[PDB]
Amino acid sequence: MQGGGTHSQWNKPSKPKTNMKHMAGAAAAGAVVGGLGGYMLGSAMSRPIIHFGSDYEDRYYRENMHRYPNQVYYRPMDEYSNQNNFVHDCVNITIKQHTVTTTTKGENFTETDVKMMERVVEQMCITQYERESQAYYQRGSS
């Protein structure tokens, strides 16, 4: 539940504003695709925790790290050039399944929780996509 609202007794004037986490451009544009039927999960990968710009989040990572989505669904090295778009839509789905399921099972990843996953995952989907990318460079092709 989130009420979708936000109110309460006059907020007691606490400390002033300071430096907030900085984004990173927009990372939000076209999203065309083609059609499902291409999501195969490779193996589990243990990658360092991600970073957003706050100590609170970092803590969350250390809190559910062992629970941090350590797997990623995606289309095998087979591709043409959409390597960044592949991972992109991959974590999008790896998260779509772990998020909807968190819900299908009754769990609930907090918006933060999900950001964590989306990065760590996109990082995982890329990590393996890379390891295999090289495996392809050696696989017959030079």
# chains A, B, ... in the order shown; residues from 1 in each chain; ligands from 1
>>> closest_atom_pairs(of="region 22-55 of chain A", to="region 59-83 of chain A", cutoff="9 Å", atoms="only C-alpha atoms", output="CSV")
residue,atom,partner,partner_atom,distance
A:37,CA,A:75,CA,8.9
A:38,CA,A:75,CA,5.0
A:39,CA,A:74,CA,4.3
A:40,CA,A:74,CA,5.0
A:41,CA,A:73,CA,4.0
A:42,CA,A:73,CA,7.0
A:43,CA,A:71,CA,6.3
A:44,CA,A:71,CA,4.7
A:45,CA,A:70,CA,5.7
A:46,CA,A:70,CA,6.5
A:47,CA,A:70,CA,8.2
A:49,CA,A:61,CA,6.3
A:50,CA,A:61,CA,7.6
A:51,CA,A:61,CA,8.8
A:54,CA,A:59,CA,9.0
A:55,CA,A:59,CA,6.2
>>> residues_around(residues="region 19-36 of chain A", least_positions_apart="5", cutoff="9 Å", atoms="only C-alpha atoms", output="list in words")
residues 52, 53, 54, 85 and 89 of chain A
>>> closest_residue(among="A:5, A:122, A:104, A:111", to="residue 92 (chain A)", atoms="only C-alpha atoms")
A:122
>>> select_by_dssp(residues="chain A", states="strand (DSSP E)", output="list in words")
residues 40, 41, 73 and 74 of chain A
>>> select_by_dssp(residues="chain A", states="helix (DSSP H, G or I)", output="PyMOL selection string")
chain A and resi 55-67+83-104+111-138
